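Data block below; observations after.
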Amino acid sequence: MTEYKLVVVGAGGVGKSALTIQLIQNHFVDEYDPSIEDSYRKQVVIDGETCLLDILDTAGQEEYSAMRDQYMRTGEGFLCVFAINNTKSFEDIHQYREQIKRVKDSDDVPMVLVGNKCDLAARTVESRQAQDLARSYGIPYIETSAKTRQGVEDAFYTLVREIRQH
Ligand SMILES: Nc1nc2c(ncn2[C@@H]2O[C@H](COP(=O)(O)OP(=O)(O)NP(=O)(O)O)[C@@H](O)[C@H]2O)c(=O)[nH]1
Ligand SMILES: O=[N+]([O-])c1ccc(NNC(=S)Nc2ccc(F)cc2)c([N+](=O)[O-])c1
Ligand SMILES: [Mg+2]
């Protein structure tokens, strides 16, 4: 078993927290203990190798950059999740990556680009806009929904495959 520190990033209101709990308990965030590190570690078997999946969910808002620089250096990979319905979130995914490359000191880092909010009926950033961006970064692009719960784990599982290969 290996400790996999998956750094979940998005913007603050994309649904990263909701998508996280899904891979943990597979339930919609109804009751939790805030004012602390919303991280959850689960044991799974990926690539024929049982390992731990420590999912760290930082705070999208509030001042705490000092915490970020630490999470990037403590995490083995980063997950970029944004809501297609929110064109603003799509922008954060760009500046967010700039931080990973800096801390990691490399343009090619193990990460994944997931598109939360796929069940909604008001998509602003079509998958094409996200695909052209992810494909340009050399990372995979997956779509999930924290509400309907579609391919939620499929997105996370991608991270493990990224780190393993990178
Ligand atoms: N319809 C839909 N709603 C979502 C999805 N993901 C998150 N939401 C909801 O949209 C709202 C986002 O709230 P926001 O403050 O941005 O997230 P937060 O800071 O974690 N607070 P909360 O835990 O309530 O989300 C919440 O009700 C959240 O549960 C999604 O994929 N689809
Ligand atoms: O940059 N900071 O302000 C800062 C950095 C690190 C730490 N603690 N050290 C660590 S390893 N914290 C930590 C480490 C791993 C996690 F998943 C969550 C938190 C702390 N801290 O207050 O314990 C603060
Ligand atoms: Mg939440």
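To be explicit about the labels: the chains of the structure tokens are called A, B, and onward in the order shown, and within each one the residues are counted from 1, while ligands get numbers from 1 in the order they are shown.
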
Exercise for review: Within 6 Å of range 43-56 of chain A, counting only C-alpha atoms, which residues show up once you throw out same-chain ones fewer than 3 positions away? Write them as a ChimeraX atom specification, please.
Suggested key: /A:1-7,39-40

Range 48-151 of chain A: which residues are alpha helix (DSSP H) by DSSP, as a PDB file with C-alpha atoms, in the first residue's frame?
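Below is the file part38.pdb, written as the result:
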```pdb
ATOM      1  CA  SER A  65      -1.501  30.665   0.303  1.00  0.00           C
ATOM      2  CA  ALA A  66       1.036  29.446   2.858  1.00  0.00           C
ATOM      3  CA  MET A  67      -1.027  26.260   3.031  1.00  0.00           C
ATOM      4  CA  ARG A  68      -1.156  25.838  -0.743  1.00  0.00           C
ATOM      5  CA  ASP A  69       2.609  25.916  -1.336  1.00  0.00           C
ATOM      6  CA  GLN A  70       2.799  23.190   1.315  1.00  0.00           C
ATOM      7  CA  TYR A  71       0.087  20.982  -0.186  1.00  0.00           C
ATOM      8  CA  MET A  72       1.707  21.072  -3.622  1.00  0.00           C
ATOM      9  CA  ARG A  73       5.013  19.960  -2.122  1.00  0.00           C
ATOM     10  CA  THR A  74       3.213  17.277  -0.097  1.00  0.00           C
ATOM     11  CA  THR A  87     -16.790  30.240 -17.319  1.00  0.00           C
ATOM     12  CA  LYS A  88     -14.865  31.783 -14.425  1.00  0.00           C
ATOM     13  CA  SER A  89     -13.894  28.379 -13.026  1.00  0.00           C
ATOM     14  CA  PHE A  90     -12.377  27.490 -16.398  1.00  0.00           C
ATOM     15  CA  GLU A  91     -10.029  30.449 -15.933  1.00  0.00           C
ATOM     16  CA  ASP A  92      -8.923  29.384 -12.449  1.00  0.00           C
ATOM     17  CA  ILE A  93      -7.878  25.999 -13.831  1.00  0.00           C
ATOM     18  CA  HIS A  94      -5.272  27.865 -15.884  1.00  0.00           C
ATOM     19  CA  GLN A  95      -3.707  29.995 -13.143  1.00  0.00           C
ATOM     20  CA  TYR A  96      -3.970  27.045 -10.754  1.00  0.00           C
ATOM     21  CA  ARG A  97      -1.728  24.912 -12.960  1.00  0.00           C
ATOM     22  CA  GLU A  98       0.873  27.689 -13.043  1.00  0.00           C
ATOM     23  CA  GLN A  99       1.334  27.039  -9.321  1.00  0.00           C
ATOM     24  CA  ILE A 100       1.818  23.284  -9.692  1.00  0.00           C
ATOM     25  CA  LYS A 101       4.475  23.671 -12.388  1.00  0.00           C
ATOM     26  CA  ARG A 102       6.296  26.214 -10.224  1.00  0.00           C
ATOM     27  CA  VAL A 103       6.314  24.205  -6.994  1.00  0.00           C
ATOM     28  CA  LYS A 104       6.892  20.897  -8.776  1.00  0.00           C
ATOM     29  CA  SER A 127     -16.376  20.182 -23.541  1.00  0.00           C
ATOM     30  CA  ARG A 128     -14.632  21.355 -26.713  1.00  0.00           C
ATOM     31  CA  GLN A 129     -13.218  24.386 -24.900  1.00  0.00           C
ATOM     32  CA  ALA A 130     -11.978  22.154 -22.079  1.00  0.00           C
ATOM     33  CA  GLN A 131     -10.650  19.448 -24.397  1.00  0.00           C
ATOM     34  CA  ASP A 132      -8.629  21.920 -26.464  1.00  0.00           C
ATOM     35  CA  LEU A 133      -7.099  23.169 -23.213  1.00  0.00           C
ATOM     36  CA  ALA A 134      -6.404  19.805 -21.580  1.00  0.00           C
ATOM     37  CA  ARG A 135      -5.166  18.272 -24.831  1.00  0.00           C
ATOM     38  CA  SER A 136      -2.775  21.215 -25.131  1.00  0.00           C
ATOM     39  CA  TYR A 137      -1.475  20.563 -21.617  1.00  0.00           C
TER      40      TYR A 137
END
```

Point to revise | Selection: 10 Å around residue 138 in chain A, only C-alpha atoms, excl. self and same-chain fewer than 3 positions, as a list in words | key: residues 107, 108, 109, 110, 111, 112, 133, 134, 135 and 141 of chain A

Keeping only N, CA, C and O atoms, take the residues you just selected and write them out as an mmCIF file, in the first residue's frame.
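Final output, again.cif:
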```
data_model
loop_
_atom_site.group_PDB
_atom_site.id
_atom_site.type_symbol
_atom_site.label_atom_id
_atom_site.label_comp_id
_atom_site.auth_asym_id
_atom_site.auth_seq_id
_atom_site.Cartn_x
_atom_site.Cartn_y
_atom_site.Cartn_z
ATOM 1 N N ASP A 107 6.970 21.456 -16.130
ATOM 2 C CA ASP A 107 5.756 21.711 -16.897
ATOM 3 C C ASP A 107 4.888 20.459 -16.982
ATOM 4 O O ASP A 107 3.661 20.539 -16.935
ATOM 5 N N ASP A 108 5.533 19.304 -17.112
ATOM 6 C CA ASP A 108 4.818 18.037 -17.208
ATOM 7 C C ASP A 108 4.667 17.384 -15.839
ATOM 8 O O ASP A 108 5.529 16.619 -15.406
ATOM 9 N N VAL A 109 3.564 17.687 -15.161
ATOM 10 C CA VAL A 109 3.298 17.123 -13.843
ATOM 11 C C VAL A 109 2.063 16.226 -13.874
ATOM 12 O O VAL A 109 1.173 16.408 -14.706
ATOM 13 N N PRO A 110 1.991 15.239 -12.965
ATOM 14 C CA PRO A 110 0.856 14.314 -12.895
ATOM 15 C C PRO A 110 -0.410 14.990 -12.381
ATOM 16 O O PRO A 110 -0.533 15.277 -11.191
ATOM 17 N N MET A 111 -1.350 15.241 -13.287
ATOM 18 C CA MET A 111 -2.607 15.884 -12.923
ATOM 19 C C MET A 111 -3.715 15.507 -13.901
ATOM 20 O O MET A 111 -3.460 14.893 -14.937
ATOM 21 N N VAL A 112 -4.945 15.879 -13.565
ATOM 22 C CA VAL A 112 -6.094 15.581 -14.410
ATOM 23 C C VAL A 112 -7.071 16.751 -14.444
ATOM 24 O O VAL A 112 -7.190 17.501 -13.475
ATOM 25 N N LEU A 133 -8.004 22.688 -24.250
ATOM 26 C CA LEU A 133 -7.099 23.169 -23.213
ATOM 27 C C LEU A 133 -6.317 22.015 -22.595
ATOM 28 O O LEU A 133 -5.092 22.069 -22.488
ATOM 29 N N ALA A 134 -7.034 20.971 -22.189
ATOM 30 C CA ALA A 134 -6.404 19.805 -21.580
ATOM 31 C C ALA A 134 -5.479 19.103 -22.566
ATOM 32 O O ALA A 134 -4.357 18.731 -22.222
ATOM 33 N N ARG A 135 -5.953 18.927 -23.795
ATOM 34 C CA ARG A 135 -5.166 18.272 -24.831
ATOM 35 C C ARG A 135 -3.877 19.046 -25.094
ATOM 36 O O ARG A 135 -2.850 18.463 -25.442
ATOM 37 N N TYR A 141 -8.909 14.522 -20.105
ATOM 38 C CA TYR A 141 -10.082 15.331 -19.790
ATOM 39 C C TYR A 141 -11.296 14.443 -19.534
ATOM 40 O O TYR A 141 -11.739 13.709 -20.417
#
```

Point to revise | Which residue of A:146, A:125, A:113, A:139 approaches residue 16 in chain A most closely, using only C-alpha atoms | key: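 So, comparing all the options, the nearest one is A:146.
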
Point to revise | Minimum-distance residue to ligand 1, chosen among A:105, A:63, A:153, A:57 (using only C-alpha atoms and all ligand atoms) | key: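 Of A:105, A:63, A:153, A:57, the one nearest ligand 1, counting only C-alpha atoms and all ligand atoms, is A:57.
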
Review point. Nearest to residue 13 in chain A: which of A:106, A:158, A:61, A:165 is it, counting only C-alpha atoms?
Key: A:61

**Study point:** Interatomic distance (Å, one decimal) between atom 8 (N, counted along the ligand's line) of ligand 1 and CA of residue 15 in chain A
**Key:** 5.1 Å

Restrict the calculation to only C-alpha atoms and all ligand atoms, then for each residue of chain A with any atom at most 6 Å from an atom of ligand 1 give the closest atom pair and their distance in Å to one decimal, rows by chain and rising residue number, as a Markdown table.
```
| residue | atom | partner | partner_atom_place_in_ligand_line | distance |
| --- | --- | --- | --- | --- |
| A:12 | CA | ligand 1 | 16 (O) | 5.5 |
| A:13 | CA | ligand 1 | 16 (O) | 2.7 |
| A:14 | CA | ligand 1 | 6 (N) | 5.9 |
| A:15 | CA | ligand 1 | 6 (N) | 3.6 |
| A:17 | CA | ligand 1 | 20 (O) | 5.5 |
| A:18 | CA | ligand 1 | 6 (N) | 5.7 |
| A:116 | CA | ligand 1 | 31 (O) | 5.3 |
| A:117 | CA | ligand 1 | 31 (O) | 3.7 |
| A:145 | CA | ligand 1 | 31 (O) | 4.4 |
| A:146 | CA | ligand 1 | 31 (O) | 3.8 |
| A:147 | CA | ligand 1 | 32 (N) | 4.4 |
```

Please write the residues from the selection above to a file, keeping C-alpha atoms, as an mmCIF file, in the first residue's frame.
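Now in selection.cif:
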```cif
data_model
loop_
_atom_site.group_PDB
_atom_site.id
_atom_site.type_symbol
_atom_site.label_atom_id
_atom_site.label_comp_id
_atom_site.auth_asym_id
_atom_site.auth_seq_id
_atom_site.Cartn_x
_atom_site.Cartn_y
_atom_site.Cartn_z
ATOM 1 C CA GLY A 12 -14.123 27.241 -4.580
ATOM 2 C CA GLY A 13 -17.584 26.663 -5.994
ATOM 3 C CA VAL A 14 -17.017 24.154 -8.783
ATOM 4 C CA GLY A 15 -17.967 21.114 -6.725
ATOM 5 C CA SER A 17 -15.688 19.023 -2.251
ATOM 6 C CA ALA A 18 -18.854 17.314 -3.482
ATOM 7 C CA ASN A 116 -17.933 18.879 -12.862
ATOM 8 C CA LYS A 117 -21.574 19.887 -13.312
ATOM 9 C CA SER A 145 -21.351 15.468 -11.862
ATOM 10 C CA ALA A 146 -21.329 15.866 -8.078
ATOM 11 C CA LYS A 147 -25.134 15.973 -8.214
#
```
